[PDB]
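Here is how the chains run, residue by residue.
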Amino acid sequence: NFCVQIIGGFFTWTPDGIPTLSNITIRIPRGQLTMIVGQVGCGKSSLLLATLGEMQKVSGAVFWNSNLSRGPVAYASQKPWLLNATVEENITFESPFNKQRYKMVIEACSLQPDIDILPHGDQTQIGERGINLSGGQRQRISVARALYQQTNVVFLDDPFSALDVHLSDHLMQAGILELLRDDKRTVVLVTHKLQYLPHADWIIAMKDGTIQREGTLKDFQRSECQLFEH
């Protein structure tokens, strides 16, 4: 059925009661790039965790089915999770190594300057107990790790918010759209970047722990407020 379909959506973090969000009703079928947008702190992370299944639902199970009966779904959430090992092994993350695929990802991630600058290249101990890098560079490695996995569903949180460099984001944005189009996979991104906020693909708005709709960009015109005129 729908890759991201929610019936009740009464997820909560407290084991007993106190629902932090409820009345969630979305249905995202396969091959539907549905980025998630909203205001600051409007339960975007909680909704993303509830979608993965890390939050205790109250109303009931949102139901799931095999993309092409489920539960293994790619997800990254907030903050960079870095493996304290070599950068190259961090990128692969228990995945087969293809030179063309690795070069394609590093081109989209624009990690060539990062590897060249480091004296040991991508063999440096990235993360704790090693070489300390920039926060934006940590996010670029983190987001590229999920993308390189080549899965049918990809969940991302603040890909461009951590680093708003036009050169890095645009190539990553171009790489993300092209890779998703070729693979016909599902992509969900939570970010505050207005560079690609409107798109022909589906968009879902999250506010006050609920989602108004997850549909075409024409709903923004249908909505009373057109994102405050961008």
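Residues numbered from 1 in each chain as written, not as in the entry; some residues may be left out. Part of a larger assembly, values for the part shown. Heavy atoms only, no water. Residues with missing side-chain atoms left out of burial classes, pairs and counts.

As deposited, the entry is annotated with cryo-EM as its determination method and 3.28 Å as its resolution.

*Asks:* Which residues make up the overall build of the protein chain, and what values go with them?
*Replies:* Across its full length, the protein chain holds seven helices and 11 strands. Over its C-alpha trace the protein chain gives a radius of gyration of 18 Å, about what one expects of a compact globule, namely 17 Å for 230 residues. Taking the principal axes of the C-alpha coordinates as reference, the protein chain spans close to 55 × 40 × 35 Å. (Helix = DSSP H or I, 4+ residues; strand = E, 2+ residues; numbered from the N terminus. Rg over C-alpha atoms; globule rule 2.2 N^0.38 Å.)

*Asks:* Outline unusual backbone geometry, listing residues and values.
*Replies:* Phi at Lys184 takes a positive value of approximately 55°, unusual for a residue other than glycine. By the element assignment, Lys184 lies in the loop between α6 (166-183) and β9 (186-190). Non-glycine residue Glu229 carries a positive phi angle of around 55°.

*Asks:* Account for the packing of aromatic side chains, naming residues and giving values.
*Replies:* Ring centres of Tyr75 and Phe155 lie 6.3 Å apart, and the angle between their planes is 85°; on these two criteria the pair is classed as edge-to-face. Of the two residues, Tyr75 sits in the loop between β5 (56-57) and β6 (85-86) while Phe155 sits in strand β8 (residues 153-157), which places them 80 residues apart along the sequence. Taken together, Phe97, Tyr102 and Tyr148 form an aromatic cluster joined through their ring pairs. (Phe/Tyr/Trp six-rings, centres within 6.5 Å; stacked < 30°, edge-to-face > 60°.)

*Asks:* Account for the side chain of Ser95, naming residues and giving values.
*Replies:* Looking at the secondary structure, you find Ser95 in the loop between α2 (87-92) and α3 (99-109). A distance of 3.4 Å separates the side chain of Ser95 from the backbone oxygen of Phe93, its partner in a polar contact. At 2.5 Å, the side chain of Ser95 forms a polar contact with the side chain of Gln149. (Polar contact = N/O pair within 3.5 Å; in protein donor to acceptor, adjacent residues only side chain to side chain.)

*Asks:* Mind laying out helix α5 (residues 135-148), listing which residues take part and the relevant values?
*Replies:* An ideal rise of 1.5 Å per residue puts 20 Å on 14 residues; α5 measures up with 20 Å between its terminal C-alpha atoms. A positive phi of about 55° marks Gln150, the residue just after α5. (Expected span 1.5 Å × (residues − 1).)

*Asks:* Would you mind going over the packing of α3 against α5 in detail, with residue names and values included?
*Replies:* Between α3 and α5, whose axes approach to 10 Å, the crossing angle comes to 140°. Viewed along their axes, α3 and α5 form a crossing whose handedness is right-handed. From α3, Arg101, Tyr102, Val105 and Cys109 reach across to α5, where they touch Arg140, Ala144 and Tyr148. (Axes fitted to C-alpha atoms, helices over the stretch in contact; angles between N-to-C directions. Left-handed = near helix turned anticlockwise from the far one by under 90°. Contact = heavy atoms within 4.5 Å.)

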